[PDB]
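Before any comments, here is the structure.
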Amino acid sequence: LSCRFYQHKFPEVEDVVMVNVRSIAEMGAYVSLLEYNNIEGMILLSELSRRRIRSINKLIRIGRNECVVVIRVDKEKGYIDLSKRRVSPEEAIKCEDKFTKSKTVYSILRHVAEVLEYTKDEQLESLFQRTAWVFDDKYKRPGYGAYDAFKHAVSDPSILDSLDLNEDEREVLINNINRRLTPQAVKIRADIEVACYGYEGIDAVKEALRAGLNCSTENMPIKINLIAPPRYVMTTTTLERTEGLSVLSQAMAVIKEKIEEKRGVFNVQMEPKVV
Amino acid sequence: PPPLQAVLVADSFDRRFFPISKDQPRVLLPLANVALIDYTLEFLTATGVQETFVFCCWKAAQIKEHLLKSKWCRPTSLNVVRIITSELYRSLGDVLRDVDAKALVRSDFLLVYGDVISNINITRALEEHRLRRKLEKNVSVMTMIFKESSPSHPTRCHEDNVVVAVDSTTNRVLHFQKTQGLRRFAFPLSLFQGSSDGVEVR
Amino acid sequence: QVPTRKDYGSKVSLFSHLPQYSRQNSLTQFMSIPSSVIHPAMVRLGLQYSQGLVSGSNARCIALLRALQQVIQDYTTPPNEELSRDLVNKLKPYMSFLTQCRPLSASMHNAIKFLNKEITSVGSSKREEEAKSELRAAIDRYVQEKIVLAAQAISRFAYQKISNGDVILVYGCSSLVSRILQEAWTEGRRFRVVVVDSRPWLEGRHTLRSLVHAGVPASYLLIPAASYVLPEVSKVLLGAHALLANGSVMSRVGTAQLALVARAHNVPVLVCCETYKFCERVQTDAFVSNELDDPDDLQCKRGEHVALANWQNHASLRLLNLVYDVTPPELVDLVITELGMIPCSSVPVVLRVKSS
Amino acid sequence: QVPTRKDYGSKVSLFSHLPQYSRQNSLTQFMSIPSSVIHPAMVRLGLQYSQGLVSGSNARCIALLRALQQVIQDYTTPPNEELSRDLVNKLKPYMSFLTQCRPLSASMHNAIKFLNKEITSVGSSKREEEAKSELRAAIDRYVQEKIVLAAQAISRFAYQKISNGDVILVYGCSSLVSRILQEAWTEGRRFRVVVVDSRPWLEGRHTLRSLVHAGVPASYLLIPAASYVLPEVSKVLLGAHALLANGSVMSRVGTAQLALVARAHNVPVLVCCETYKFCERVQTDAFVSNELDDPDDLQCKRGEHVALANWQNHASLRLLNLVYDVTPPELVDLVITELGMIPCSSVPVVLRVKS
Amino acid sequence: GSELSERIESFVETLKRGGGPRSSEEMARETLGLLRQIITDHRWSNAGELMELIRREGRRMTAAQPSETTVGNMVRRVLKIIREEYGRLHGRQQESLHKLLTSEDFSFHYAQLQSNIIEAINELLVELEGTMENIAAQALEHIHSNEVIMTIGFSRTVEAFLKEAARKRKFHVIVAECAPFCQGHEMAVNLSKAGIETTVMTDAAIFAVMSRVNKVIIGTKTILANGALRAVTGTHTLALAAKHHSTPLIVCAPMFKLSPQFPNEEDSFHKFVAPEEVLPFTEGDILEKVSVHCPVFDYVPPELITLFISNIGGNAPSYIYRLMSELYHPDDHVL
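Protein chains in written order, with my numbering: chain X, 1 to 275; chain F, 1001 to 1202; chain A, 2001 to 2356; chain U, 3001 to 3355; chain H, 4001 to 4335.
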């Protein structure tokens, strides 16, 4: 029960690919292209490193995933020639990201096929062809297109409605997409010690706390609570932690300005951070 | 838990070093070409202390000047040192009263003197103290550190020799006294009424 | 496919990790007469390895390379395949069968590695006939420059050490030592040779006959009596089946003993070997890697009775027939190669300069 | 009959022929409280042997001889019996019990042989109290002239080998070495001593304390670091539990190792031993004859855990602590005896002139 | 920037105060990562300036703890990598007679240099991943059936060696505890959990038991220029006993433990620690007059070593001079 991650059965010249080493030979290293349904490949002895290499075991470490570009492809003999000395870190990291998103797509579609109890691999191939490759061709970008399409369809299932698989199949796919790729939950917490030893001490502290809490945006209520008599804690479970940290920093700055205006003292015990 | 803190009393409120201490504080006396304050600061830093308070009264200017040029006052030091001076200090009790007055500490700080040579890591002792405090709900107030030794060692001076009666199963101090000039030690019976199961005299 | 040869008798507990066969048991009794799985040339080569018709390391390497040239000549590339990989994949079972017939030697291992490298380097865009001809020519050049010219150079180098009126002690049978002695005698050196032999092969009679036919005065004795003749021996010249990367010399079973006894009598030790027998592996004893010959070869007739006739009946009785030993580098003075006269510790250095 | 002591734990395959007991398990659990089968002095001596209260070879021999004197004092010959062989027959089970408590040492073996020869030599016409008094006096004289006078003579002989400003390396604890060093310091020689110790007994602290109390400068280190201090060491002075007929020196486990490392550093080796510890037996290694101590003594607390706590749970794990080892005669330069300074190969000669 | 300096301070403080990282492999990995960060997160114009910066950082790190030679080895490996890259990308060594008979500057910034260097470092890190497995894979060609192996102390490389060998053969292993830090107990119990039939003894019985030992397999802390070893204490005695009985002594050590220094720095060679382990503080007054020394390392001459097993295979101690000539440059020895 397996299928290719992309529509092409064989990679084209100069495509950076994930491989998994399985043995060693005189020519080089046998591998299996993971996203091409475990077809065997070859990393040549003469392309392992830019420098002078002594042995195969120096760098291969059989049993480990590796990011290798391809130079020569021969489909009639099933010969695919790879190379490591030509890849670069940027290509390596983008290949890893592309591979992991394609793996997530394959995992969700395999789960759909399993929950629909398709024993034959041809049925799984048909399901993977109807949904993934349609969007991949529509966006003209293999790998990226499918993952982006499911990410968009997790919120609005209108795109997934155009699929012509089935009603139960569509329901299962929607449920899997909404239960797998919708982990939107983040908490930003901070601690601030603000107090004023003035005439209206408690009043100024309450006013500063209210002014800080008023800066809370929609779907992000800053639940300020008193941890210790001199120190309060701001906690807010809001997604998009990149914006949450900025919101917490702005609220802390506003509270500090309000406290300093009321002739008081304020300090930041702990900066905003995730839970 | 908050970062570990430490109160470092940089002035011994007793004159055991006349006339040497009349022109140089005992804290700045070179032991092995290195001042005692450096040794105790290194001990505090190596054991995980992240904030240190030095309370120096006698010749506090020299101590301040020496500390400011030391390694621990650099911006790269993980042990932040705060220098507080006052001419009104007369004893360690005054230092602790000032600490409570200004509320320097929040929980489970370290009390050491400015002339302590050590390499002790207090991680296990601190964990035991915190666990005991959590289980007993704020009953254990202090955990004193002792070193296994022999009465005949040169380090065991007659002045600071101490005999301690403890509960062997919970490491609780039940009685504590100094043996300066005493040829015979005495222990009250009230020790044995509570922890009759086990009592040790060390 | 080809089955596995059956172990014969009971092995020593310390040598239980090595295969031990019998000469009577042949692996070809379970293979088709017009052999298909194994090439007929390889079948004949394995048959004459197992029966002992080819013994010397140089002879074994030459026979392997000849049979391998025949295999390459008969080889035809399958459709929809590449020669540079199919040839190696086809050759591997032949090597496994040859190992089953008799464990491979260092020279054969080096030759196999050389041919694997040569085949791997064959271009994918060249004609089959050209590739086959180039492989045959490469095998011929390897044989020439690694045996013939090497032996000539080693003889020329060893002519310097051999002086007039000295005594040279040789052990076992080796073509290099015999050629060195014969050439030295031809050029005008006058000397004696003492031949040391050992059971059960008794292959020192080959070099004894060669020296007698060459006209060199010779003496013959068994190895236990070696300590008797070393007082009048001036040099100990030995042949090596392999040189290891740590300097240790792998050779016949008695060789190391001689070196030791030579060290007891203050006699210089020379080892002559060709550089293609240099091995990058290392071993410190004759236990981790060796070959157990037929135990029944240890039986000897002393009078009218054979003591070890039915040795299988005694359950606690074991026989081992070792064929190799390892000599530490501190018991060897000279190594004579086609590169020149080197110390015993320069073996890796040569291995470094022959690989680049 | 005295029950057979049970072996504790699993032994090494190469040492399966040697007994291995546990310090906690004693024979007296299966013995009458008022000792009847064996003399109370003998059971007391066996208990203090097994628990380790008597360790030194000379101390063990002296304690055994005192216990034997106590046994002889209370001995009463049965009617229609002769003392000469009845006493030996009575003593044999005592020796068996003592061997059960802990294997006998060379000094104890020689003392037993001497006492048996003395008892056999007692005439039949001798009257009981005179024979007992003669045996007691013979035991006392043997102790005197074989320990005290021998140690004095050896200390006098070793005074000439010790010069001013030299370094002497000693191993373990032995009364002879300590006496030699203290007397040499008293006479006026000035030197240093280096004390080498080994686990688990750690008995070098005894001689370290003795040297400190005597005033001799001393250094302390464990056996693995010995190869570090031998560059500055001038002589290696060792004590011997026994000298064998082939010249081999049987001693504590690290003695032969120290001799080998000292030979590697070109340091002379002196061995001090009394002629009553010379044995007619020979052995070429520490395997054929040795003693296995309690394996649980090897457990040590490093940090907060004992790595070998439940070592018997692991089926394939064995613990080995030898008690003695054998130094070949070629690693020893001097043997200092009351007869003088002799080569290591003259041990049988002494054995020839002492009988 | 600031984070790089903070990491450098943390590394040097961890080095000079106590342990960390636990394993030598992890320490080498951390050193290489720190060197990579220094190369990237810092501005240098010429290759010589980068070499000077690396020299300063390596000098500080080695002065933090001279006994940890792996940091210096990584620094010198990085310097050699820089030299090789500059020479290859600028023009086209090792002071031989050939160069003397047939007859430099490190200026001239080239843009392609830096990235290349990084790649090389990554390659280095790659061979740090499979080094232990590479060493262990060749254990079956050195252990035969019913052999008697002897080991001193705790070594992860030797542990992997024996655990891989035990999957197909039965043999006996004796472990001598390395007093005072009896770390041999941990290795003994670890081997016993694998059913290797292990025996434990104190390291005072090395000579007595060597007569029945077939092979000695040990680890090491540092391999010196002439093939000598800086090993745990008691290893010199073990080697002496093995040489006396002519039992081969195998050293299983990776290639990053090779240090181009010679044993003439005897003063800092051993690491002397508190004498509490040897003689406890509870002894009393005798501690006033007694000198106690507790070295944890000792020097083993190359003549007592039979073989060197590393991730590149087997070698003799006579070949070590070549290996370092392929790893470090002669001008980088002093650093």
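Idealized CB from N, CA, C, for every residue including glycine.
Coarse secondary structure for residue i, derived from DSSP in three states
i: H:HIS4245; result: helix
i: A:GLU2145; result: helix
i: F:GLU1200; result: strand
i: A:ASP2140; result: helix
i: A:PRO2329; result: helix
i: A:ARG2179; result: helix
i: H:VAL4232; result: strand
i: F:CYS1073; result: helix
i: H:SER4045; result: coil
Among the options, nearest to residue i - alpha-carbon criterion
i: F:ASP1167; options: F:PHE1185, F:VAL1081, F:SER1196; result: F:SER1196
i: U:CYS3279; options: U:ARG3136, U:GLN3024, U:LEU3317, U:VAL3349; result: U:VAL3349
i: H:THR4247; options: H:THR4151, H:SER4259, H:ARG4022; result: H:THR4151
i: H:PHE4297; options: H:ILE4320, H:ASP4267, H:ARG4167, H:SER4291; result: H:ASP4267
i: H:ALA4188; options: H:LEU4050, H:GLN4065, H:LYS4163; result: H:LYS4163
i: X:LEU124; options: X:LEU109, X:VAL265, X:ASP81, X:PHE10; result: X:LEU109
i: U:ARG3044; options: U:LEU3014, U:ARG3102, U:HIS3017; result: U:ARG3102
i: U:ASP3325; options: H:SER4096, H:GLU4147, H:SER4211; result: H:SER4211
i: F:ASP1011; options: F:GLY1194, F:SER1152, F:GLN1024, F:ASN1171; result: F:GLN1024
Pairwise C-alpha distance: residue j and residue i
i: U:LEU3322; j: U:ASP3333; result: 25 Å
i: F:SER1140; j: F:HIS1129; result: 8 Å
i: H:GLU4006; j: F:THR1076; result: 7 Å
i: A:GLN2073; j: A:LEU2087; result: 12 Å
i: A:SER2345; j: A:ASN2246; result: 7 Å
i: H:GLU4003; j: X:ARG231; result: 29 Å
i: A:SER2107; j: H:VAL4158; result: 32 Å
i: A:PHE2191; j: A:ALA2240; result: 23 Å
i: X:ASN38; j: H:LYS4080; result: 40 Å
i: H:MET4074; j: H:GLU4119; result: 15 Å
Proximity of residue i and residue j at Cβ, strictly below 8 Å
i: H:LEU4335; j: H:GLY4048; result: no
i: U:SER3155; j: U:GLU3183; result: yes
i: H:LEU4307; j: H:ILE4223; result: no
i: H:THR4237; j: U:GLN3070; result: no
i: H:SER4103; j: H:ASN4046; result: no
i: H:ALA4166; j: H:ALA4208; result: no
i: A:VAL2002; j: A:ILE2033; result: no
i: H:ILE4039; j: H:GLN4114; result: yes
i: H:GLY4284; j: F:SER1150; result: yes
i: A:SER2016; j: H:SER4024; result: no
i: A:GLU2274; j: A:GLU2338; result: yes
Quiz prompt | Against chain U: residues of the stretch 4184-4208 of chain H by CB proximity under 7 Å | solution = Of all residues in the stretch 4184-4208 of chain H, only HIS4185, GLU4186, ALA4188, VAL4189, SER4192, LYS4193, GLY4195, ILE4196, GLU4197, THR4198, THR4199, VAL4200, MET4201, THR4202, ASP4203, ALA4204, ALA4205, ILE4206, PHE4207, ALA4208 place a beta-carbon less than 7 Å from a beta-carbon of chain U.
Practice problem: Quick one: which residues of the stretch 3245-3260 of chain U get their C-beta closer than 7 Å to a C-beta of chain H? List them in chain order. | Solution: Within the stretch 3245-3260 of chain U, the residues whose Cβ lies closer than 7 Å to some Cβ of chain H are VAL3253, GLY3254, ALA3256, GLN3257, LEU3260, listed in chain order.
Self-check item: Contact set between the stretch 4280-4309 of chain H and chain A, restricted to residues whose Cβ is under 7 Å from the partner
Solution: Within the stretch 4280-4309 of chain H, the residues whose Cβ lies closer than 7 Å to some Cβ of chain A are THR4306, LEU4307, listed in chain order.
Quiz item: If contact means a Cβ-Cβ distance below 7 Å, which residues of the stretch 4222-4241 of chain H contact chain U?
Solution: Taking 7 Å as the cut-off between beta carbons, the residues of the stretch 4222-4241 of chain H near chain U are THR4233, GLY4234, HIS4236, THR4237, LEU4240, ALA4241, in sequence order.
Self-check item: Where the stretch 50-77 of chain X meets chain A: residues whose CB sits under 7 Å from a CB there
Solution: From the stretch 50-77 of chain X, only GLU76, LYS77 have a Cβ closer than 7 Å to chain A.
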